[PDB]
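Heads up, the chain below is alone and in the form deposited in one PDB entry; it's given as C-alpha cells.
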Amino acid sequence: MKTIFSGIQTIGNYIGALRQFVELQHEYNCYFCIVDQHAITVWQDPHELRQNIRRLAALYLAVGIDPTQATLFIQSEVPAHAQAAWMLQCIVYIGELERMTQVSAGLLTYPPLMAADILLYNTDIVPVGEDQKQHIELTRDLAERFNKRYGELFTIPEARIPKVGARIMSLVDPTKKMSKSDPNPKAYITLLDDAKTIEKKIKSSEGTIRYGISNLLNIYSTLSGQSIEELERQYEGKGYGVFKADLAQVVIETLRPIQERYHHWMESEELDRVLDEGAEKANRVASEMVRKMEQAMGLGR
C-alpha cells in the first residue's frame, strides 16, 4: 500500500484536507502527525500548547480518523524525528534554507525537521497545498542528495492532496481563503462552533442563487452531497434568506455528531491510549529508518 504523511500543527480544513482522509485511510497507509516540535519555533504558552495537542487528536478521531486504520501520533513522542532531522541539517545547505520564502534559529532550521517527518516513513504522498510546494521540492532534493551519496534509502515524496476538494473562502471576505488564524471570528466556522454561532455566522445586491454566494454553494454542496446545479435548480427563484436558513441547518447537522464524539474522546482515557499506540507504531517504523541512516553515515555502531 502507498504511504501518506500529514503533519498537523475550521470547516475549510475538514472540507479541503481532513474529510477525504476518513476513507482514504482505508486505501492508504496513513500517518497523522501532530507536529508539536514545529510549533515551538514560535512563542507558545505551555498550557495552551499541551491542551491544543489534545483537542487536535480528539478532533481527528471525532472526525472519523480510525486508529486501527491510521497512525495518529505526537511528533515529540518519536525521537527519531529530532534524530533524522539533525542528520539532514548536515546535508542541507544554508543557501537552501535562507532561500526558503517563508530571530530564533528554529524559524530557519525547521525545514529539515519537516523533511525528516516525511522521509522517516518512506512516504509516497504528502497532502499539502502550494504554500508547502517549496518545502516538498527541498525534501525531495534532500532525499535525492542522500540516496545518491549513500545509496537509495528514501522514497522521493510527491506533493498531492488525493481526491482534493473545493476551496473554502472567508465569510467576511469571499476573496480570501478561510483561515482559523483570521482576526474576525466571523470569517470562519470552527468544527467546535455551537449550533447558534454557525447560524449567526451563516446569516452574516443581485439576489440570485447562482454560481460569496459561490462560496456558500461550495459549502452547501460538499456538506449535503448535492451538485451546485441541483441547488441552483433548488433555489431558482429563492432569496438569500431561506438559502442561508437551509445552509445553516446542513452545517449544524454535519458538526453535531462530530462535536458529540469530540466530547466523548476528550473524556475518554482511550484518547491517551490511542496516542500511545500511534507513537509505538511510529517509533518502530521511524527508529528503523534512523539506524539505516546512521548505518549509512557511519554513526555509532
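Counting begins at 1, following the sequence as shown. Whichever C-alpha set is largest while still superposing within 1.5 Å between the two forms counts as the rigid core.
What follows is about the form deposited in another entry, which we do not show.
For the residues 96, 144, 199, 124, superposed on the rigid core between this form and the one not shown, a C-alpha shift of 2 angstroms or more shows up only at 199. Once the rigid core is used as the reference frame, the Cα position of residue 252 differs between this form and the one not shown by 2 Å or more. With the core held fixed between this form and the one not shown, residue 55 has its Cα displaced by under 2 Å. In this overlay on the rigid core, residue 32 has a C-alpha that sits less than 2 Å away from its partner position between this form and the one not shown.
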